[PDB]
């Protein structure tokens, strides 16, 4: 199913008729970082499988819902259960939910992920406000926009110079200073590793020489689709580990360790993004 104007309108048509919510903000949350979706007030849970033209996720299994309601006085829509391209989802399957957000009226998309640290300043449990990226799939002919362009959403050749909104980064840092956890907050450049294998020790060393601060398996596809159709983005990485240190010490990585870091910071991040949503200037 192509992520075109007609198909995306058919999904939005069904969603408007079931929720009666016109969302202003969209959110996509990382592994173990979805507690905020459970506190959405006056919420309506819509399974992906019930929405026309939404991608099939029964092979991968696990949760897949669209949740609408209120947070901090603002109306929001949330993807519960993330679509990652290492699962095999196509360019069209990634793009359609974001373009449906657009047709519903979303103007700001907030994103969290788990990622590995490259910069020597990054420790486990730190946060990184993303100010740019290095898109290795995009350079290698696997950009999420490869294919015919859907002119109703954006141009054929998008410029990504301002994909990460400066004002949103400044607002997120300001709130961290008000609650005195700014010592955990950095900024940096995110490298998109297709996955699903973690970055190898020598791949980590190469990324250090290329000026990457952080590496992960998600986020960049959603950022490009949002920037294509004029949605502003804030993206925050939670550092699971420092891969450069782990290479020097021959320390392994695994998803259980990653989830444990997510649990250590889940409540702080939920408090953080709730204040961001409340203070957001909508554009």
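Residue numbers count along the first chain shown, from 1.
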query	finding
Stretch with the greater mean C-alpha B-factor as recorded in the entry, comparing 128-136 against 160-168	160-168
Between 68-76 and 138-146 (mean CA B-factor, as deposited), the higher	68-76
Criterion, highest CA B-factor; candidates, 194, 81, 154, 116	81
Identity of residue with top Cα B-factor, from 178, 93, 187, 87	178
Ranked C-alpha temperature factor of residue 282 among modelled chain residues, by third	highest
Third assignment of residue 205 from its chain's C-alpha B-factors	middle
Among modelled residues of the same chain, the CA temperature factor third for residue 212	highest
Chain-wide C-alpha B factor ranking for residue 242, given as lowest, middle or highest third	middle
Position of residue 50 among the chain's modelled residues by C-alpha B-factor, lowest, middle or highest third	highest
